[PDB]
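Read through the structure below, which is laid out as structure tokens, and then see the notes.
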Amino acid sequence: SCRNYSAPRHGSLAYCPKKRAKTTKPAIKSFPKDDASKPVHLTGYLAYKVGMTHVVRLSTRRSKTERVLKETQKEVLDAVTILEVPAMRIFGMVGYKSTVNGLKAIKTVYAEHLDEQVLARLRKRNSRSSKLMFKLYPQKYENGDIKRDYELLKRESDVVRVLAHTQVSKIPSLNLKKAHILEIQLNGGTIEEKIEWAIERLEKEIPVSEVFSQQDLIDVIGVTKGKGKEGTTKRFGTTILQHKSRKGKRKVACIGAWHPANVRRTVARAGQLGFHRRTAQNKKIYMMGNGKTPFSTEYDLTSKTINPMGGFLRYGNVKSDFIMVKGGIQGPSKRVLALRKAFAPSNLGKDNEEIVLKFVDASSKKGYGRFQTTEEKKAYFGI
Amino acid sequence: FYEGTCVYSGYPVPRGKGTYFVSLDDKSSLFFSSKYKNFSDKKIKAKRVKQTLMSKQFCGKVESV
Amino acid sequence: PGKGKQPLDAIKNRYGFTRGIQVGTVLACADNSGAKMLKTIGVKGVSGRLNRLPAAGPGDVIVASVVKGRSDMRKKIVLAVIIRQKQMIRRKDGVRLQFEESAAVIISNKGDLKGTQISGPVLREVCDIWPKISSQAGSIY
RNA sequence: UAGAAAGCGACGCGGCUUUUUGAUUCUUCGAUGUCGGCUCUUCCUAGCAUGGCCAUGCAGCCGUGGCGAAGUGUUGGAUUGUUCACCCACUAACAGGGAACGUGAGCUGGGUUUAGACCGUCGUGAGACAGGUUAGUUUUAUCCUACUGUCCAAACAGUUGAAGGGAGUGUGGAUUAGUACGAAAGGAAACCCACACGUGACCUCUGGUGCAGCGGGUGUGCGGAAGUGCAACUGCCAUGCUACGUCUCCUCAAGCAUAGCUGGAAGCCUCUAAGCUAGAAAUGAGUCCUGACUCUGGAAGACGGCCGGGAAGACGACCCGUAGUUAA
RNA sequence: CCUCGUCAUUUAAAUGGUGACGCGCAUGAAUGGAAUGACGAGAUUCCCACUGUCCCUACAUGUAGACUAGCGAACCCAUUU
RNA sequence: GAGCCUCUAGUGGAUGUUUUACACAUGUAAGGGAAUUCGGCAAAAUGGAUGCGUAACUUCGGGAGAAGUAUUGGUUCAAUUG
RNA sequence: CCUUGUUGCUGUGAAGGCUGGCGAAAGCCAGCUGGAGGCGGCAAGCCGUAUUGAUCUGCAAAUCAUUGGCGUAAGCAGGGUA
Ligand SMILES: [K+]
Ligand SMILES: [K+]
Ligand SMILES: [K+]
Ligand SMILES: [K+]
Ligand SMILES: [K+]
Ligand SMILES: [K+]
Ligand SMILES: [K+]
Ligand SMILES: [K+]
Ligand SMILES: [K+]
Ligand SMILES: [K+]
Ligand SMILES: [K+]
Ligand SMILES: [K+]
Ligand SMILES: [K+]
Ligand SMILES: [K+]
Ligand SMILES: [K+]
Ligand SMILES: [K+]
Ligand SMILES: [K+]
Ligand SMILES: [K+]
Ligand SMILES: [K+]
Ligand SMILES: [K+]
Ligand SMILES: [K+]
Ligand SMILES: [K+]
Ligand SMILES: [K+]
Ligand SMILES: [K+]
Ligand SMILES: [K+]
Ligand SMILES: [K+]
Ligand SMILES: [K+]
Ligand SMILES: [K+]
Ligand SMILES: [K+]
Ligand SMILES: [K+]
Ligand SMILES: [K+]
Ligand SMILES: [K+]
Ligand SMILES: [K+]
Ligand SMILES: [K+]
Ligand SMILES: [K+]
Ligand SMILES: [K+]
Ligand SMILES: [K+]
Ligand SMILES: [Mg+2]
Ligand SMILES: [Mg+2]
Ligand SMILES: [Mg+2]
Ligand SMILES: [Mg+2]
Ligand SMILES: [Mg+2]
Ligand SMILES: [Mg+2]
Ligand SMILES: [Mg+2]
Ligand SMILES: [Mg+2]
Ligand SMILES: [Mg+2]
Ligand SMILES: [Mg+2]
Ligand SMILES: [Mg+2]
Ligand SMILES: [Mg+2]
Ligand SMILES: [Mg+2]
Ligand SMILES: [Mg+2]
Ligand SMILES: [Mg+2]
Ligand SMILES: [Mg+2]
Ligand SMILES: [Mg+2]
Ligand SMILES: [Mg+2]
Ligand SMILES: [Mg+2]
Ligand SMILES: [Mg+2]
Ligand SMILES: [Mg+2]
Ligand SMILES: [Mg+2]
Ligand SMILES: [Mg+2]
Ligand SMILES: [Mg+2]
Ligand SMILES: [Mg+2]
Ligand SMILES: [Mg+2]
Ligand SMILES: [Mg+2]
Ligand SMILES: [Mg+2]
């Protein structure tokens with residue numbers, strides 16, 4: 001018989017099976033379309049999640065048809081996330097070829113001198129090594145093997161990508177001695193131009209200001225917070241049963257009909273929740289800056305850094321460059337994230353508007369924070 | 001930037017925190033937190049709550065008008 | 001859209017505040033028309049989902065019945081606008097407000113007010129979408 | 001209002017369906033738990049709303065009859081054990097059904113249908129009554145298979161993408177405009193902005209919670225005070241977790257119904273017989289989740305345990321550190 | 001029985017409750033008839049207070065449960081699923 | 001000779017681990033207040049003593065603690081049971 | 001049927017009695033004394049309404065928790081006898 005009343009499904013089947021992610025560091029798996037009409041540029045980067053705060057911005061957005069004469073301006077309060085982005089270092093390149101089975105890698109070429117931080121990823125246990133890792137490779141520079149290698153890459157390739165690592169030693173709160181390694185794609189120009197651009201930059205440091213600027217739209221890829229094994233009420237959102245029932249209320253009561261004589265994959269069951277890969281599209285950059293240069297607005301004539309009183313709770317003080325973005329972002333503090341240029345441009349009016357800040361909150365995140373600087377606390381109390 | 005000054009405690013309130021309570025007498029009043037709103041309801045006199053800026057001024061621990 | 005008895009001809013934009021008032025709620029009448037207490041029986045604009053009771057915030061139009069008031073007026077169905085609420089609300093500028101007691105005010109099908117004077121304070125945002133209320137309120141916040 | 005056929009369609013005639021109730025007794029009486037509701041998933045179309053179109057007794061507004069289409073929706077209550085019925089309120093709309101009359105080792109136990117008892121009618125009586133009334137025990141998974149997650153098959157670092165899943169839906173306001181159209185009364189048609197329901201995340205703010213921490217009192221113990229047990233009560237409140245909080249959600253290609261272009265059959269004609277153009281919330285891809293077989297690289301040592309932690313956790317597994325901005 | 005009888009009151013809305021009416025399928029006088037008080041873990045309807053019953057669920061405590069040492073069964077079974 | 005706390009006299013073992021989900025005994029909750037369900041089932045609310053004030057009906061005994069309201073700790077005094 | 005055991009704390013305040021007032025009489029009204037009842041709230045006990053709670057390979061071939069009914073009496077009980 002048909003059910004008595006209509007209702008929507010619980011949870012989305014776009015994310016089933018909901019299994020645990022394999023490792024905590026994401027690869028950018030998809031990149032925006034190349035265009036030979038533009039200069040050679042990079043398309044992505046790595047970042048670390050610091051924490052959250054709030055800001056006040058001015059706005060003037062209204063319906064184009066609204067008949068009001070006056071150029072109304074209005075304050076809006078918004079929550080923001082802070083990400084730390086030290087410069088990445090380039091250490092090699094890869095070329096790929098198109099086939100009936102997709103892209104396949106032809107060869108990889110590495111710089112003559114490599115850092116202790118990057119060699120540390122290649123071994124499993126840090127404190128137990130003979131360190132004979134890349135010691136024979138430098139001969140290939142003398143032999144001309146490098147010059148033969150570049151020829152083959154230049155002759156037979158469709159897509160070129162660089163290899164870059166992050167300078168973990170600059171962020172002590174991570175307790176980490178192995179760098180993270182990411183493969184990043186180059187768009188613009190021809191294969192030859194791409195290869196020459198790469199060759200000029202092996203061993204050097206690229207700042208985040210190469211890749212992104214204020215007001216840009218970007219996509220953020222990360223792994224969510226973990227929550228362990230959980231029941232259907234939390235995993236899929238199903239309703240709790242009648243209060244006087246025996247054998248438990250926090251369950252789906254009926255898990256199928258008599259035929260077919262099996263359970264369907266569409267029914268909710270208990271299991272893992274959290275620690276999955278998720279991508280957030282079209283987030284907007286409100287600000288870019290540095291952890292130890294003070295700043296001011298046109299209206300707030302105090303001069304202060306981004307760091308709140310006492311630092312972010314399990315991190316401390318930002319020291320390197322940073323990005324600020326609208327809304328919340330995947331995962332807890334200290335997790336690695338991958339940043340990408342937006343896959344396609346947005347038509348929505350909320351996305352394409354300007355941003356003008358007047359205040360940024362710098363009060364303590366432990367307890368009720370009631371001062372913006374140590375000077376105010378010293379003035380409120382005696383002496 | 002401040003939201004204002006708390007009615008009961010005397011404490012200045014940061015932008016984006018605290019709440020206004022509006023009575024049927026037609027008055028609007030600003031409180032720092034739920035703590036001090038509740039003390040008003042229970043008719044605890046502020047001068048007896050010794051950490052308040054009000055109490056400290058009344059005792060003459062802090063220079064005031 | 002205008003259907004059934006007591007239809008409404010004067011639709012306005014909702015604000016997205018929290019919804020403290022729902023079917024079953026008894027609340028005071030703030031105007032001088034002669035009703036005293038209203039019992040909430042429906043809300044305009046609600047399409048509904050399974051097991052959920054219809055709810056309203058400031059600015060919304062409710063269907064109610066008169067449970068206290070003058071003899072001519074009792075046990076009849078009427079339309080009213082919600083002017084204040086005991087549940088907390090958040091403005092887009094980040095300010096939060098809370099009133100001591102909730103209340104509503106009676107209107108005609110065309111959106112005209114029934115009475116001539118309104119007791120006590122009224123929320124600013126309501127006076128932006130219902131302009132006639134501005135004229136006869138006690139104070140605006 | 002003329003007029004068979006906009007819409008209807010007497011008197012007769014041919015079919016389809018199994019969702020009603022019959023008809024029959026093939027399977028089960030060394031037992032297949034029997035009505036309704038609650039909870040949750042999937043399917044059908046004979047299409048109620050939402051999208052594209054054709055006819056009209058289509059001026060406009062509101063409608064009525066038909067075509068391709070099953071993606072997304074179809075609610076809150078009063079009396080009643082009800083399925084059913086009938087009213088009130090909202091709504092874009094409140095269509096109709098199937099899955100052992102879906103679903104009792106998932107619940108509930110109001111109805112029916114053991115043993116107590118009352119009433120009416122029938123019986124000389126014991127007793128009867130698809131007549132009415134009240135009280136009346138809901139057992140067991142630790143096996144196999146399915147389903148949901150977890151490890152291994154697969155050294156370490158960087159990747160590839162076969163195949164499987166799939167997601168956004170609708171309402172209102174403003175403007176066009178008191179305009180076209182109509183004797184008048186009335187009265188339409190993008191882009192932008194606000195919201196609801198659904199989906200995925202997040203704690204800066206605001207609610208909630210009080211395990212760590214600080215305070216207060218009642219009865220009675222340790223000679224007094226101070227420090228405190230037991231019975232338990234009570235005000236505030238870090239970190240964390242959470243919603244009553246905050247952020248989130250479009251673009252191509254091939255083409256349905258239809259309306260057209262060129263054009264014969266058939267010197268004329270004609271959307272079709274070849275060929276071409278515009279075309280839907282539908283279909284197939286991309287952006288989104290899972291990740292088969294592969295591919296590129298470094299080096300005579302590599303890797304696991306043991307020891308200590310967490311941002312991770314049922315156990316494994318994952319992320320990390322071990323003579324250092326290491327721990328206490 | 002017909003039957004969710006008709007009219008009034010209680011609700012926004014009454015197959016319910018109370019008040020009336022009566023050719024009553026098939027009421028009725030110790031097979032006892034009718035109207036009250038005091039008293040029922042008896043059956044039924046409404047109002048005030050009160051609330052996680054519900055909207056719509058969230059957080060926390062003790063004891064089991066998961067993993068580990070010592071001890072150690074039963075129902076059931078043509079079985080290749 | 002209630003419950004709670006102490007004196008005399010008497011008393012105790014299947015080991016380690018901070019330990020997900022679902023349970024079983026319990027706490028607390030914004031705004032709303034029976035909308036839940038056959039049905040307020042379960043829970044919450046009321047609670048001792050002192051005073052003021054107490055209706056219909058009744059077999060005149062009762063109803064009656066009707067209902068409805070106010071007070072209550074420590075200290076230092078008067079006055080002698082108020 | 002014969003012989004025995006087992007009533008603690010509290011509320012209400014019948015019959016009878018003493019004073020004072022009112023009345024021509026008969027007998028009416030106050031305050032106090034007295035302590036009746038298959039009479040009220042509880043304790044020890046005896047019982048078995050609800051949660052259709054726990055348990056259902058049980059602690060147990062009828063048990064446990066909270067919640068209930070009576071408790072100055074057609075109440076509960078040992079032994080001997082029919
Ligand atoms: K069903
Ligand atoms: K992809
Ligand atoms: K509190
Ligand atoms: K049988
Ligand atoms: K049954
Ligand atoms: K249609
Ligand atoms: K459908
Ligand atoms: K059962
Ligand atoms: K599996
Ligand atoms: K090897
Ligand atoms: K696919
Ligand atoms: K929070
Ligand atoms: K908190
Ligand atoms: K003790
Ligand atoms: K708090
Ligand atoms: K085309
Ligand atoms: K597909
Ligand atoms: K080798
Ligand atoms: K370890
Ligand atoms: K009726
Ligand atoms: K009635
Ligand atoms: K008779
Ligand atoms: K008779
Ligand atoms: K007789
Ligand atoms: K009884
Ligand atoms: K616990
Ligand atoms: K254990
Ligand atoms: K004693
Ligand atoms: K005692
Ligand atoms: K009810
Ligand atoms: K009912
Ligand atoms: K029950
Ligand atoms: K009399
Ligand atoms: K009474
Ligand atoms: K007595
Ligand atoms: K039971
Ligand atoms: K035992
Ligand atoms: Mg949990
Ligand atoms: Mg049960
Ligand atoms: Mg904090
Ligand atoms: Mg429901
Ligand atoms: Mg059938
Ligand atoms: Mg069986
Ligand atoms: Mg059999
Ligand atoms: Mg069976
Ligand atoms: Mg069809
Ligand atoms: Mg069935
Ligand atoms: Mg079954
Ligand atoms: Mg029953
Ligand atoms: Mg029987
Ligand atoms: Mg019984
Ligand atoms: Mg504590
Ligand atoms: Mg240190
Ligand atoms: Mg009923
Ligand atoms: Mg009657
Ligand atoms: Mg008789
Ligand atoms: Mg509450
Ligand atoms: Mg409250
Ligand atoms: Mg219901
Ligand atoms: Mg009860
Ligand atoms: Mg005695
Ligand atoms: Mg007695
Ligand atoms: Mg006892
Ligand atoms: Mg007995
Ligand atoms: Mg029973």
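Letters go in sequence order (proteins before strands), and every chain restarts at 1. Just so it is clear, the values below take in all heavy atoms, side chains as well, and ignore hydrogens, waters and symmetry mates.
Side-chain nitrogen and oxygen atoms of A/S130 include at least one within less than 4.0 Å of the OP1 or OP2 phosphate oxygen of D/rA302. Contact annotation: A/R278 side-chain N/O to D/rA201 OP1/OP2 distance is under 4.0 Å. For the OP1/OP2 pair of D/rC288 and a distance below 4.0 Å, the side-chain nitrogens and oxygens of A/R340 include at least one atom meeting the criterion. Not one side-chain nitrogen or oxygen of C/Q87 sits closer than 4.0 Å to the OP1 or OP2 atom of F/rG32. Side-chain N/O atoms of A/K225 include none lying less than 4.0 angstrom from OP1 or OP2 on D/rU242. Contact annotation: A/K244 reaches the phosphate of G/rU52 (side-chain N/O to OP1 or OP2, under 4.0 Å). A/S129 has a side-chain polar atom (N or O) that falls below the 4.0 Å cut-off from OP1 or OP2 of D/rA302. For D/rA92, the OP1/OP2 oxygens have no side-chain nitrogen or oxygen of C/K3 closer than 4.0 Å. For E/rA58, neither phosphate oxygen OP1 nor OP2 lies less than 4.0 angstrom from any side-chain nitrogen or oxygen of A/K234. Remark: C/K44 is in phosphate contact with D/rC90, judged by side-chain N or O atoms under 4.0 Å from OP1 or OP2.
Remark: C/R90, C/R96 in residues 89-104 of chain C come within less than 4.0 Å of RNA chain D through at least one heavy atom. A heavy-atom distance below 4.0 Å to RNA chain D is reached by these residues of residues 7-25 of chain A, ordered by number: A/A7, A/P8, A/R9, A/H10, A/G11, A/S12, A/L13, A/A14, A/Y15, A/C16, A/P17, A/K18, A/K19, A/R20, A/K22, A/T23, A/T24, A/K25.
Ranking D/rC202, D/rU108, D/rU248 by closeness to the A/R246 side chain, first place goes to D/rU108. Here the nucleotide nearest the side chain of B/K35, chosen from D/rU103, D/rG161, D/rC236, is D/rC236. The side chain of C/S47 lies closest to D/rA92 when the candidates are D/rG321, D/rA92, D/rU42. When distances run from any side-chain atom of A/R235 to the nucleotides D/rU294, D/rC38, D/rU148, the shortest one goes to D/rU148. Of the candidates D/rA100, D/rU39, D/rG149, D/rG149 carries the atom nearest the A/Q272 side chain, counting heavy atoms from C-beta on.
Taking the syn range as angles within 90° of 0, the glycosidic angle of D/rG106 is outside it, so the base is anti. In this structure D/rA231 sits in the anti conformation; its chi angle is more than 90° from 0.
Salt-bridge formation is detected for the pair A/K107/A/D149: a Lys NZ or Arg NE/NH1/NH2 atom is positioned less than 4.0 Å from an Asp or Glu carboxylate oxygen.
A/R125 comes within contact range of at least one nucleobase, with a heavy-atom separation under 4.0 Å. Within the nucleic acid shown, C/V43 comes within 4.0 Å of sugar-phosphate atoms alone, with no base atom in reach, counting heavy atoms only.
Secondary-structure annotation of RNA chain E gives the stems E:5-10 with E:16-21, E:57-62 with F:24-29, with a stem taken as at least 3 successive Watson-Crick or G-U pairs whose two distances both fall under 3.5 Å.
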List the atom pairs, donor and acceptor, that lie under 3.5 Å between side-chain atoms in residues 57-67 of chain C and the rest of the protein, sequence neighbours left out.
| residue | atom | partner | partner atom | Å |
| --- | --- | --- | --- | --- |
| C/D60 | OD1 | C/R14 | NE | 2.9 |
| C/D60 | OD2 | C/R14 | NH2 | 2.8 |
| C/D60 | OD2 | C/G57 | N | 2.8 |

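Taking the ring centre of A/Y110 as origin, the terminal cationic atom of A/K140 falls outside the region bounded by 6.0 Å and 45° from the ring axis.
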Review item, nucleotides 54-56 of chain E N/O atoms under 3.5 Å of protein N/O:
| residue | atom | partner | partner atom | Å |
| --- | --- | --- | --- | --- |
| E/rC55 | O2' | C/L53 | N | 3.2 |
| E/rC56 | OP2 | C/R52 | NE | 3.1 |

Tabulated below should be each protein N or O lying under 3.5 Å from an N or O of nucleotides 18-22 of chain F; please produce it.
| residue | atom | partner | partner atom | Å |
| --- | --- | --- | --- | --- |
| F/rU20 | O2' | A/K229 | O | 2.7 |
| F/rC22 | OP1 | A/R250 | NE | 3.1 |

Nucleic acid footprint by protein, nucleotides 170-177 of chain D - heavy-atom cut-off 4.0 Å, B for base, S for sugar-phosphate alone: --BSBS--
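Scanning all heavy atoms of the two residues, the minimum distance from C/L50 to A/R3 falls at CD2-NH2, 4.4 Å. When every heavy atom of A/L153 is checked against every heavy atom of A/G95, the shortest pair comes out as CD2-N, 4.2 Å.
A/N126 meets the side chain to side chain donor-acceptor pair (under 3.5 Å) test with A/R123; sequence neighbours excluded. Applying the ring pair (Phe, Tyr, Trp, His ring centres under 6.0 Å) test to A/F91 and every residue at least two apart in sequence or in another chain returns A/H165. For A/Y286, there are no ring pair (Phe, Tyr, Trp, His ring centres under 6.0 Å) partners, not counting sequence neighbours. With sequence neighbours left out, A/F343 forms a ring pair (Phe, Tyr, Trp, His ring centres under 6.0 Å) with no residue at all. The side chain to side chain donor-acceptor pair (under 3.5 Å) test applied to B/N38 returns no partner, not counting sequence neighbours.
With hydrogens and angles ignored, a donor-acceptor pair closer than 3.5 Å exists between the side chain of A/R128 and the base of D/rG304.
Stacking between D/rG104 and D/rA105 is absent, since the six-membered rings do not have centres under 5.5 Å apart together with planes under 30°. For the consecutive nucleotides F/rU76 and F/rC77, the six-membered rings of the bases sit within the stacking limits of 5.5 Å between centres and 30° between planes. Consecutive bases F/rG51 and F/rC52 are counted as stacked, their six-membered rings lying with centres under 5.5 Å apart and planes tilted under 30°. Neighbouring nucleotides D/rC35 and D/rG36 have six-membered base rings whose centres lie under 5.5 Å apart with planes under 30° to each other, which meets the stacking criterion.
Here D/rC67 is not matched with D/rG298 as a Watson-Crick or G-U wobble partner, both contacts being required under 3.5 Å.
Here A/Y48 and A/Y315 keep their ring centres 6.0 angstrom or further from each other.
With both ends at atom P, the span from D/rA23 to D/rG73 equals 44 Å, rounded to whole Å. With P as the reference atom, D/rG284 and D/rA69 are 15 Å apart, rounded to whole Å. Across E/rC54 and D/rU108, the matching P atoms stand 15 Å from one another, rounded to whole Å. Atom name P, nucleotides E/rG16 and E/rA41: the rounded distance is 31 Å, in whole Å.
For the pair A/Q117/A/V168, a side-chain contact is recorded, criterion being any heavy-atom separation below 4.5 Å from C-beta on.
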